[PDB]
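What follows is one chain in structure tokens, specifically the form deposited in one PDB entry.
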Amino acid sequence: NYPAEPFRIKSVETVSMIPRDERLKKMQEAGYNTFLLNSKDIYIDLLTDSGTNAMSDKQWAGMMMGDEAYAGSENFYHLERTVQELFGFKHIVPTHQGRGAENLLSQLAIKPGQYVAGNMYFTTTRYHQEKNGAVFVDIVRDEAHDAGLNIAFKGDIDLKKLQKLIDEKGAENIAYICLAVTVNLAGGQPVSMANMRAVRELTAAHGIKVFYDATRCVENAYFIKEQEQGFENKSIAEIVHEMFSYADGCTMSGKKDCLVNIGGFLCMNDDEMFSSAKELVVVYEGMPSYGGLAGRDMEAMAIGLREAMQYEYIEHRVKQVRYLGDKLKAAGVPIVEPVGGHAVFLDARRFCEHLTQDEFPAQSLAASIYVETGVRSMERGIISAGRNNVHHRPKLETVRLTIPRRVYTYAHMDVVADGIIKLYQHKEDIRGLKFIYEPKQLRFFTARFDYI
């Protein structure tokens, strides 16, 4: 039901084990904002799965083989051929991480006033689209916004919505479709191959380009192998390769499914766009031959992307997340369903119905969770959705327990679940928050609170 880790522990990261009374003072020193906690005071850090992964012995051997040459590095060639083989795109440009690739794509592929349509959006991706003049259009199925609705492949694009956008706006005014795998904001929900194929067919008939946000494509491939009829006999690598065969290019944060702590890249099949991409990468990232990465990190990412294709690794990755979700759900703790590939999302408005929204139940729930167990989590609701000129009220008001790859055990998942549940058994005791410091911008990062 829940497989054991398909690897051994090679080396350990020492943690402190400071007790509850001391954690309380550390939380109070952070003004009750988990973003202000220091890493040295954290037992289990579930802020994000981005860049927090444990590398393997083979990756660390590659780390000693960094060819740091400015051009012509063996590490660059290894990453290049690995991505060409596993993803099937003609051209690759490394970037220091995913939002560097998004910066390049959005400048290369958007004319001001055009539309970018996607299955929901991610913060940085949509910023770079809009900064370059695009209008974002959400074409995900309506169900993906219903947090409790347990349906498969919730990340799928609604073809009816895409058709409507083409009819109302015209194909020439659509810069591209942005298809993300998995869909982070919906809870890490996967996209079916049938949907990628149908989106490809409809866009190609109109000459519209498709670019993937590939950041968790291996988790997505696992959901396809597990749940999409006809893929039970296909390897993860076969599934990944077919996925990208329905795309014109992709942006990738290697910090996610390539099992590294830094790294990303931009892929594309078009030669002229590749030429333009090489001119632009020099401005922001570095020469096309390293893209703002040390040689040893191009090497680690090449090795990690291939490790991620191992069935047992990605099965265990996803089922470990699922174990945390299953234990919370069996206790009645309200969560986004179905559990996604990389995180369990608490529904904090359901958790703290005794507190009003304006008392910040997600922030105070995250604070309570650290004090009782030593775990940090992130905000994924109104605050992240931004404010609107004419707030950006989201249906998904979530607190994220984000699982780094290969870092934690099921016993760590139990510490997390036991603490969230023991809190949930006295849920009414948790206390609302009020600001005592709020900056104008990026407030989730440095704002400070106190109890009402």
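The numbering used is simple: start at 1 and walk along the sequence shown. Between two forms, the rigid core is the largest collection of C-alphas that superpose within 1.5 Å.
Per the record, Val390 and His391 are separated by 1 to 3 deposited residues that are missing from the model. Between 302-310 and 125-133, the higher mean Cα B-factor belongs to 125-133. Once the C-alpha B-factors are averaged per stretch, 286-294 and 360-368 rank with 360-368 first. Of the residues listed, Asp49, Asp45, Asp41, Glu397, the entry assigns the biggest Cα temperature factor to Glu397. Across the residues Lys164, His91, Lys255, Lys225, the deposited record lists the maximum Cα B factor for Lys164. Among all modelled residues in this chain, the alpha-carbon of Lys26 has a temperature factor (C-alpha) in the middle third. When the modelled residues of the chain are ordered by C-alpha B-factor, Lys169 sits in the highest third. When all modelled residues of the chain are sorted by CA temperature factor, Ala69 is found within the lowest third.
In the deposited entry, the Cα temperature factor of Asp414 sits in the middle third of values across the chain's modelled residues. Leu202: CA B factor in the highest third of modelled residues in this chain (values from the PDB entry).
The following text describes the form deposited in another entry, which does not appear among the structures shown.
Superposing the rigid core between this form and the one not shown leaves a single residue from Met193, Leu202, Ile382, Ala237 with a C-alpha shift of at least 2 Å: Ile382.
When two forms of a protein are overlaid on their rigid core, residues whose CA moves 2 Å or more are considered shifted, and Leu37 is not one of them between this form and the one not shown. Remark: with the core as the superposition reference, the CA shift of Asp49 between this form and the one not shown stays below 2 Å. Shown in the overlay between this form and the one not shown, fitted on the rigid core, is a CA shift at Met27 smaller than 2 Å. Put simply, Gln107 and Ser384 spread apart in the other form: their C-alpha atoms are 3 Å or more farther than in the form shown. In the other form, the CA atoms of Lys434 and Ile382 come closer by at least 3 angstroms compared with the shown structure.
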